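Residue-level structure breakdown
Here is how the chains run, residue by residue.
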Amino acid sequence: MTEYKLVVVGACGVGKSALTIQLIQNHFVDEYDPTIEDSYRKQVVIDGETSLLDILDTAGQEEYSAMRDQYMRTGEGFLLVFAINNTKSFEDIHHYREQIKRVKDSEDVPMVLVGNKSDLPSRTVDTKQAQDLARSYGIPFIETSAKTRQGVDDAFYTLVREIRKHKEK
Ligand SMILES: *CCC(=O)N1CCN(c2nc(OC[C@@H]3CCCN3C)nc3c2CCN(c2cccc4ccccc24)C3)C[C@@H]1CC#N
Ligand SMILES: Nc1nc2c(ncn2[C@@H]2O[C@H](COP(=O)(O)OP(=O)(O)O)[C@@H](O)[C@H]2O)c(=O)[nH]1
Ligand SMILES: [Mg+2]
């Protein structure tokens, strides 16, 4: 069976855990201990291909032990998550991109930019700014709400298709 290692990164609070549990469990968690880092496997069919998605929901502390690099480097593709109501989390996207490039030691890693909390009225990051940045990184941009499940399947499945494109090259 085909397996894909997906890693979800982005500032504390953006909804990495909420997105992952929506994908895994089909519902929304209002609280998920912000320190709990774990990976969840889910069998899915995407464009007719059965696969195991192994999803690393990143949390814990900001630290850069060799052990940390070693597990993050197992990621085949990464969701770069910010929250549309949080300007700082959008600023942080550069950091997560660079860290991916560092540990994968490559400039061609499957990534999807994810603009989460789409359900909220308090928007501070324009869709245009997000599309401009994804455009400049050469990667897709998906708007999501972990609360309503908008764009959740799309974010993950698009990342899979990005990994596929990469494996074709
Ligand atoms: C709310 C808790 C949570 O979701 N966290 C805690 C922080 N942590 C993390 N933060 C971080 O940067 C924090 C901000 C952004 C720029 C300025 N700082 C203050 N950077 C990282 C992490 C987790 C460890 N990773 C990391 C380490 C080694 C290799 C990596 C490769 C690719 C991506 C990340 C790597 C850097 C984790 C989590 C936030 C998330 N994601
Ligand atoms: N309204 C709304 N709230 C969200 C969404 N995603 C996450 N949250 C809330 O934001 C908080 C942080 O989410 P969490 O998944 O813990 O963030 P993480 O730190 O990136 O794992 C929690 O109270 C969630 O319920 C979303 O799409 N919409
Ligand atoms: Mg979390």
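Right above here is the structure, for reference.
Residues numbered from 1 in each chain as written, not as in the entry; some residues may be left out. Chains lettered and ligands numbered in written order. Heavy atoms only, no water.

All right, on to the nonpolar core then. Core analysis: the largest hydrophobic core is formed by 26 residues, its most contacted members being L6, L53, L79 and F156. Only β1 (2-9), α1 (16-25), β2 (38-46), β3 (49-57), β4 (77-83), β5 (111-116) and α6 (152-168) provide two or more residues apiece to this core. When residues of this core are assigned to their parent elements, the largest contribution, seven residues, is made by α6. With residues near it in sequence (within four places) discarded, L53 still touches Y4, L6, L23, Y40, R41, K42, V44, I46 and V160. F90, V109, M111 and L133 belong to the second-largest nonpolar core, a separate cluster that totals 21 residues. (Core = buried A, V, L, I, M, F, W, Y, C linked by side-chain atoms within 4.5 Å. Buried < 20%, exposed > 50% of the residue type's maximum accessible area, 1.4 Å probe, protein only. Helix = DSSP H or I, 4+ residues; strand = E, 2+ residues; numbered from the N terminus. Contact = heavy atoms within 4.5 Å.)

What follows concerns the pairing of β1. Sheet topology note: the β1/β3 ladder contains seven bridges and is parallel. Looking at the pairing, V8 lines up with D57 of β3. Alignment of β1 against β4, held across four bridges, turns out to be parallel. Bridge pairing in β4 links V9 to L80. (Pairing = 2+ DSSP bridges.)

What follows deals with the site of ligand 2. In the neighbourhood of ligand 2, 19 residues make up the surrounding shell, with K16, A18, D30, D119 and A146 lying closest. The separation between an oxygen atom of ligand 2 and a polar main-chain atom of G15 is 3.1 Å. In the environment of ligand 2, a nitrogen atom lies 3.2 Å from a nitrogen or oxygen atom belonging to the side chain of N116. Taking 580 Å² as the accessible area of ligand 2 by itself, protein coverage stands at 84%. A breakdown of the residues in the shell around ligand 2 according to their chemical character gives nine nonpolar, five polar and five charged. (Near = heavy atom within 4 Å. Polar contact = N/O pair within 3.5 Å; in protein donor to acceptor, adjacent residues only side chain to side chain. Areas by Shrake-Rupley, 256 points an atom, 1.4 Å probe, with all protein chains shown as cover. Nonpolar A, V, L, I, M, F, W, Y, C, P; charged D, E, K, R; others polar.)

By themselves, these figures tell us nothing about what the structure is for.
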